[PDB]
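Undergrad: Compute the structure for the input listed below.
(one chain, ligands or ions: 1)
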Amino acid sequence: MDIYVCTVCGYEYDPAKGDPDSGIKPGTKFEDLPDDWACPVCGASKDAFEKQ
Ligand SMILES: [Fe+3]
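TA: Residues are numbered from 1 along each chain as shown. Coordinates below:
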């Protein structure tokens, strides 16, 4: 359940929530996000995220 944070805008990727609008069901670990996943708030790449 490791939380990751967008270094661009501060949005938190919370695996317990997932990201349904990008086809990411609740419980999806950060490292199981596709590399084309983007921050919902600011649009930055997955690879702009760091562990909280
Ligand atoms: Fe962001």
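
Undergrad: got the phi/psi numbers for the residue nearest to residue 52 when sequence neighbours are not counted?
TA: Nearest non-adjacent residue to residue 52, counting by C-beta to C-beta, 6 or more residues apart in numbering: residue 3, 4.1 Å away. To be clear about C-beta, it is placed using only N, CA and C from the backbone, and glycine gets the same treatment. Per-residue torsions, residue 3: phi -90, psi 140 (degrees, to the nearest 10).

Undergrad: Surely residue 3 touches residue 10?
TA: No. Contact status for residue 3 versus residue 10: not in contact, 12.0 Å apart, counting by C-beta atoms under 8 Å.

Undergrad: So for these two, which sits in the more crowded spot?
TA: residue 3 (14 against 10; other C-beta atoms under 10 Å).

Undergrad: who's in contact with that one?
TA: By C-beta atoms under 8 Å, 6 or more residues apart in numbering, the contact set of residue 3 is 12, 13, 14, 15, 51, 52.

Undergrad: can you list the residues of this protein near the ion?
TA: Contact residues, the chain versus the ion (C-beta under 5 Å from the ion): 6, 8, 9, 11, 39, 41, 42, 44.

Undergrad: got the contact list for the second one?
TA: Residues near residue 8 by C-beta under 8 Å, 6+ apart: 39, 42, 44, 48.

Undergrad: Just the buried ones from these?
TA: 39, 48 (16 or more other C-beta atoms under 10 Å).

Undergrad: Please type out the PyMOL selection for whichever of the contacts of residue 3 turn out to be buried.
TA: In PyMOL, a selection of the buried entries from the contacts of residue 3 looks like this (16+ other C-beta under 10 Å):
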select buried, resi 13+14+15
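
Undergrad: Okay, and which of the contacts of residue 3 map to strands?
TA: 12, 13, 51 (DSSP state E).

Undergrad: could you redo those as TSV and give each row distance to residue 27?
TA: Putting these into TSV (distance: C-beta to C-beta, whole Å) gives the following:
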residue	distance to residue 27
12	16
13	12
51	18
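
Undergrad: about what we covered before: what two of the contacts of residue 8 have the greatest distance between them?
TA: Comparing every pair within these by C-beta to C-beta identifies 42 and 48 as the most remote, at 8.7 Å.
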